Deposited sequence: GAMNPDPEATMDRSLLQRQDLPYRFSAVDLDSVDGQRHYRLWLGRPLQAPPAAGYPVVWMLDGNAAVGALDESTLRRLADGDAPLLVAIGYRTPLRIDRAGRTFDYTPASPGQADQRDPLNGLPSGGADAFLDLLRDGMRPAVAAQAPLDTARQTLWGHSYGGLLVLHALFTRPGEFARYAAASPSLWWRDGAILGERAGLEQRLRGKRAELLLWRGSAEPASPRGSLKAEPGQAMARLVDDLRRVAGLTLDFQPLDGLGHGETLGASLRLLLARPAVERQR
């Protein structure tokens, strides 16, 4: 419903400069703009570490000047906000499709919330690998062993799908207020076999949830607590759950992103 925040983009007085890289989905239906924030600092020998953010029209709006100045500590990351070509802060249709996994059973697969087409998670993650990273790498040197993937809500659902089904693409996975309720907890089933799929890899998972969030949009915290308890047991996986006192669902997006970017950079 609301406009995105372009102010940051056209600014010049910070230690980051932002440029756009455009791509379409393979099926031609969805239209992306990746906003690349490049440190003024020269790349490390092995390339910049990279932080990929879903809901990027929104994520750019949540990159504050204070955070951006501190990120320039001599090992600054490349920031890649994966947005949609639209004025809006949020792209309902695109994001609903791109960030939800397929539910094998269903023919026309439709979001149980807003009824839009869903189930494009794997196509999206494939496009990240096969089209986005190629384009981003051409603009700046990347350290592909030091990559972070962040998302909020359905974006967090996506992030969990990536870790659970295709672990090791990213070093750090960061899921804020992941929509665990989706399809009566369907994402929770995808976690079966994770330890086996993680063999020979090490990965970090950061989770957030706000104290004021309901269990779904229509027993708060139970699902998350059980997921955390389970994942704590997984060899190779470092888990950090951070509850956010005083926040509801919408507000955890910005909070998680600011807190993520304040963390130590990935090894």
| query | finding |
| --- | --- |
| Chain regions without C-alpha coordinates, deposited sequence numbering | 1 to 7, 226 to 230, 280 to 282 |
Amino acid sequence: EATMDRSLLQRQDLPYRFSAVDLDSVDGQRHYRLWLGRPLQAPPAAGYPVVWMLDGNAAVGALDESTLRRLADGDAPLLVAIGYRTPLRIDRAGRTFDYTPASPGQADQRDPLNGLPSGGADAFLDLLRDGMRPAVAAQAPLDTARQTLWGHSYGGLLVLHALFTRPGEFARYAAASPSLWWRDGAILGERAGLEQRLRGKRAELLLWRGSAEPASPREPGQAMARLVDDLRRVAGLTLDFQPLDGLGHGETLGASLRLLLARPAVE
From here on, numbers count along this sequence of modelled residues.
{"query": "Comparing 100 to 108 with 135 to 143, the one whose average Cα B-factor in the PDB entry is higher", "finding": "135 to 143"}
{"query": "Residue stretch of maximal mean CA temperature factor, 69 to 77 vs 119 to 127", "finding": "69 to 77"}
{"query": "Identity of residue with top Cα B-factor, from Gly56, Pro214, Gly210, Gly236", "finding": "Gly236"}
{"query": "Cα B factor band for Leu9 (lowest, middle or highest third within the chain)", "finding": "highest"}
{"query": "Chain-relative CA temperature factor third for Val228", "finding": "middle"}
{"query": "Chain-wide C-alpha B factor ranking for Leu244, given as lowest, middle or highest third", "finding": "lowest"}
{"query": "Chain-relative CA temperature factor third for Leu158", "finding": "lowest"}
{"query": "Chain thirds of CA B-factor: placement of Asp91", "finding": "middle"}
